[PDB]
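Just entry37.cif here, mmCIF, C-alpha atoms:
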data_query
loop_
_atom_site.label_atom_id
_atom_site.label_comp_id
_atom_site.auth_asym_id
_atom_site.auth_seq_id
_atom_site.Cartn_x
_atom_site.Cartn_y
_atom_site.Cartn_z
CA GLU A 367 0.00 0.00 0.00
CA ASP A 368 2.27 2.80 1.23
CA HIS A 369 5.21 1.18 2.99
CA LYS A 370 7.51 -0.97 0.88
CA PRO A 371 8.09 -4.46 2.39
CA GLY A 372 11.14 -6.65 2.23
CA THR A 373 10.91 -9.84 4.22
CA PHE A 374 11.06 -13.20 2.40
CA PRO A 375 14.26 -13.92 0.35
CA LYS A 376 17.98 -13.70 1.11
CA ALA A 377 18.79 -10.40 -0.63
CA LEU A 378 19.48 -11.67 -4.14
CA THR A 379 20.38 -9.99 -7.41
CA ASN A 380 20.23 -12.35 -10.42
CA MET B 1263 16.24 -0.11 -13.25
CA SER B 1264 19.87 -0.98 -12.48
CA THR B 1265 19.46 0.22 -8.90
CA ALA B 1266 16.36 -1.99 -8.60
CA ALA B 1267 18.32 -4.20 -6.21
CA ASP B 1268 16.37 -2.40 -3.45
CA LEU B 1269 13.31 -4.51 -4.25
CA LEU B 1270 15.08 -7.88 -4.66
CA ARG B 1271 17.51 -7.39 -1.78
CA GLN B 1272 14.44 -6.88 0.35
CA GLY B 1273 11.84 -9.18 -1.12
CA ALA B 1274 8.69 -7.13 -0.81
CA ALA B 1275 5.48 -8.99 -0.04
CA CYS B 1276 2.82 -6.69 -1.43
CA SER B 1277 -0.84 -7.01 -2.33
CA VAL B 1278 -2.12 -7.40 -5.89
CA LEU B 1279 -5.46 -7.76 -7.64
CA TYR B 1280 -6.11 -11.37 -8.64
CA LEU B 1281 -7.88 -11.89 -11.94
CA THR B 1282 -7.27 -15.24 -13.66
CA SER B 1283 -4.68 -17.58 -15.20
CA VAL B 1284 -4.26 -18.25 -18.94
CA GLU B 1285 -2.01 -20.63 -20.90
CA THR B 1286 0.67 -18.88 -22.93
CA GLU B 1287 3.04 -21.79 -23.58
CA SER B 1288 3.07 -21.07 -27.31
CA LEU B 1289 3.12 -17.30 -26.84
CA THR B 1290 5.98 -14.88 -26.38
CA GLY B 1291 6.59 -12.39 -23.56
CA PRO B 1292 4.16 -9.47 -24.20
CA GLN B 1293 1.84 -11.60 -26.34
CA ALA B 1294 1.40 -13.88 -23.33
CA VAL B 1295 -0.08 -11.04 -21.30
CA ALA B 1296 -2.12 -10.14 -24.37
CA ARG B 1297 -3.94 -13.46 -24.76
CA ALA B 1298 -4.21 -13.68 -20.98
CA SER B 1299 -5.75 -10.20 -20.69
CA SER B 1300 -7.91 -10.32 -23.82
CA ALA B 1301 -9.31 -13.76 -22.92
CA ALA B 1302 -10.10 -12.49 -19.43
CA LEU B 1303 -12.22 -9.77 -21.04
CA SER B 1304 -13.75 -11.60 -24.00
CA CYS B 1305 -14.44 -14.85 -22.18
CA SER B 1306 -14.49 -13.52 -18.62
CA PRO B 1307 -13.62 -16.73 -16.69
CA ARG B 1308 -13.57 -14.85 -13.40
CA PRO B 1309 -16.40 -12.48 -12.36
CA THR B 1310 -15.41 -10.58 -9.21
CA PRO B 1311 -11.66 -10.04 -8.60
CA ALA B 1312 -9.93 -10.03 -5.20
CA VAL B 1313 -6.86 -8.56 -3.52
CA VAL B 1314 -4.27 -11.21 -2.71
CA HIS B 1315 -0.63 -11.27 -1.64
CA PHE B 1316 2.33 -11.17 -4.02
CA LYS B 1317 6.02 -11.49 -3.22
CA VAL B 1318 8.79 -10.19 -5.46
CA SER B 1319 12.17 -11.89 -5.13
CA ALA B 1320 15.24 -12.31 -7.34
CA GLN B 1321 15.09 -16.04 -6.63
CA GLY B 1322 11.60 -16.20 -8.07
CA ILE B 1323 8.13 -14.76 -7.84
CA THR B 1324 5.61 -15.94 -5.27
CA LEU B 1325 1.84 -15.58 -5.03
CA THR B 1326 0.18 -15.78 -1.62
CA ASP B 1327 -3.26 -16.80 -0.44
CA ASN B 1328 -4.01 -14.05 2.05
CA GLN B 1329 -7.71 -14.90 2.34
CA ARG B 1330 -7.82 -18.16 0.34
CA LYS B 1331 -11.21 -17.22 -1.09
CA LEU B 1332 -10.78 -17.96 -4.80
CA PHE B 1333 -7.55 -19.99 -5.22
CA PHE B 1334 -4.03 -18.88 -4.31
CA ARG B 1335 -0.90 -20.47 -2.83
CA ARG B 1336 2.41 -19.58 -4.47
CA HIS B 1337 4.01 -18.86 -7.82
CA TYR B 1338 7.27 -19.86 -9.52
CA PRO B 1339 11.00 -19.44 -8.77
CA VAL B 1340 13.61 -18.09 -11.21
CA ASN B 1341 14.07 -21.66 -12.45
CA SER B 1342 10.51 -21.57 -13.79
CA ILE B 1343 9.99 -17.90 -14.70
CA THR B 1344 10.55 -17.08 -18.35
CA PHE B 1345 9.05 -13.56 -18.65
CA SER B 1346 7.16 -10.80 -16.84
CA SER B 1347 5.13 -7.84 -18.13
CA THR B 1348 2.78 -5.13 -16.87
CA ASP B 1349 0.53 -5.25 -19.93
CA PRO B 1350 0.47 -6.48 -23.56
CA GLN B 1351 -0.60 -3.24 -25.23
CA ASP B 1352 -1.25 -1.04 -22.15
CA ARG B 1353 -4.68 -2.43 -21.30
CA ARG B 1354 -6.56 -1.94 -18.01
CA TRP B 1355 -9.11 -3.85 -15.94
CA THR B 1356 -12.45 -2.37 -14.99
CA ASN B 1357 -13.44 -3.22 -11.43
CA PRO B 1358 -17.16 -3.55 -10.57
CA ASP B 1359 -16.77 -0.24 -8.72
CA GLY B 1360 -15.91 1.44 -12.00
CA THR B 1361 -12.25 2.11 -11.27
CA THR B 1362 -9.62 0.93 -13.76
CA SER B 1363 -6.28 -0.66 -12.93
CA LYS B 1364 -3.41 -2.04 -15.05
CA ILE B 1365 -3.22 -5.77 -15.70
CA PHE B 1366 0.15 -7.46 -15.48
CA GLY B 1367 1.09 -11.03 -16.20
CA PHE B 1368 3.96 -13.37 -15.42
CA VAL B 1369 5.10 -16.16 -17.69
CA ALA B 1370 6.41 -19.21 -15.85
CA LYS B 1371 6.69 -22.95 -16.44
CA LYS B 1372 4.55 -25.20 -14.24
CA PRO B 1373 6.17 -28.01 -12.18
CA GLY B 1374 6.09 -31.29 -14.07
CA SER B 1375 5.55 -29.56 -17.38
CA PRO B 1376 8.81 -27.77 -18.36
CA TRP B 1377 7.72 -27.72 -21.99
CA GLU B 1378 4.81 -25.41 -21.21
CA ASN B 1379 4.39 -22.08 -19.47
CA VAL B 1380 1.33 -20.32 -18.10
CA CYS B 1381 0.63 -16.62 -17.67
CA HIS B 1382 -1.17 -15.78 -14.47
CA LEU B 1383 -3.03 -12.51 -14.97
CA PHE B 1384 -3.13 -10.08 -12.05
CA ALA B 1385 -4.28 -6.47 -11.93
CA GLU B 1386 -2.27 -3.70 -10.27
CA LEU B 1387 -2.62 -2.72 -6.62
CA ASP B 1388 -0.44 -1.34 -3.81
CA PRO B 1389 0.69 2.17 -4.88
CA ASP B 1390 4.02 1.62 -3.10
CA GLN B 1391 5.12 -0.76 -5.83
CA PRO B 1392 4.25 0.45 -9.36
CA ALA B 1393 3.13 -2.47 -11.56
CA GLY B 1394 4.90 -0.91 -14.53
CA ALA B 1395 8.11 -1.04 -12.54
CA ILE B 1396 7.86 -4.22 -10.46
CA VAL B 1397 7.76 -6.56 -13.48
CA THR B 1398 10.21 -4.35 -15.35
CA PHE B 1399 13.02 -4.77 -12.84
CA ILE B 1400 11.92 -8.34 -12.15
CA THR B 1401 12.54 -9.34 -15.77
CA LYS B 1402 15.90 -7.61 -15.64
CA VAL B 1403 17.05 -9.08 -12.31
CA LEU B 1404 15.39 -12.51 -12.63
CA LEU B 1405 16.51 -13.40 -16.15
CA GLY B 1406 19.43 -11.00 -16.22
CA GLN B 1407 17.92 -8.72 -18.85
CA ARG B 1408 19.43 -5.79 -16.96
CA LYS B 1409 21.31 -3.33 -19.14
#
Take the structure I supplied and represent it as structure tokens, if you would.
Amino acid sequence: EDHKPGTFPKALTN
Amino acid sequence: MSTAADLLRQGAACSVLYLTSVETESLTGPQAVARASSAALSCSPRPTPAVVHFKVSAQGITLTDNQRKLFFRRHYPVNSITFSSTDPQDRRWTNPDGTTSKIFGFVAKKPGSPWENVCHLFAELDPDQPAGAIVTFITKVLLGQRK
């Protein structure tokens, strides 16, 4: 909605 | 979209508008979303849409059954995802309320059937994560399409 989440993976990038 | 790592390094679990799923195994990237969207309008397999959970990760995309009212569970990892788009030709969905929202679709291969891929159609929601951006960086960070 307003706040961007970020809790699930292991901080990946390709 | 190169600094899009912010979304994948975090793994945002947002909320999206669930619409319907359509087979796009023989279709290409954007065309997948096209048949998926057009069929959803012309045939209308699903009547009333619902807001469900969606998780964006560089290891794969995941759908989530927040209410488990229609049918949700998960999605597909990077090993199954082949393409992601926000719309075929910039089409929108008309909610029963009258409001219109973008319709994005993800192309991924289903477990057991690596020869085929299905495009699950979902309308935009959650103004914190723009649909026209989420799939854009996803395609670039998931497949490595990044410039």
Legend entry - Selection dump of the PyMOL selection byres ((chain A and resi 368-380) around 9), as a ChimeraX atom specification: /A:367 /B:1267-1276,1317-1321,1340,1388-1391,1402-1406
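Between CA of residue 1300 in chain B and CA of residue 1286 in chain B there is a distance of 12.2 Å.
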Inset, instruction - Tell me, in Å to one decimal, how far CA of residue 1395 in chain B is from CA of residue 1339 in chain B. - result: 19.0 Å
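CA of residue 1364 in chain B lies 5.2 Å from CA of residue 1386 in chain B.
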Legend entry - Among listed residues B:1407, B:1299, B:1341, B:1304, nearest residue 1264 in chain B (using all atoms listed in the file): B:1407
Inset, instruction - Identify the residues within 10 Å of coordinate (0.5, -11.0, -12.6) (same frame as the file), considering only C-alpha atoms, and give the answer as a ChimeraX atom specification. - result: /B:1278-1283,1295,1298,1316,1323,1325,1337,1346-1349,1365-1369,1381-1386,1393,1397
Inset, instruction - Might you spell out which residues the PyMOL selection byres ((chain B and resi 1326) around 7) would select in the displayed file, as a ChimeraX atom specification? - result: /B:1314-1316,1324-1325,1327-1328,1334-1336
Legend entry - Nearest to residue 1372 in chain B by atom-to-atom distance, counting all atoms listed in the file, from B:1396, B:1263, B:1294, B:1343: B:1343
Enclosing box along x, y and z for every listed atom of range 1358-1376 of chain B, padded 4 Å each side, centre and size in Å, one decimal, as AutoDock Vina command-line options:
--center_x -4.2 --center_y -14.6 --center_z -13.5 --size_x 34.0 --size_y 41.4 --size_z 17.6
Inset, instruction - Would you please work out which residue, of B:1301, B:1266, B:1312, B:1289, is nearest to chain A when using all atoms listed in the file? - result: B:1266
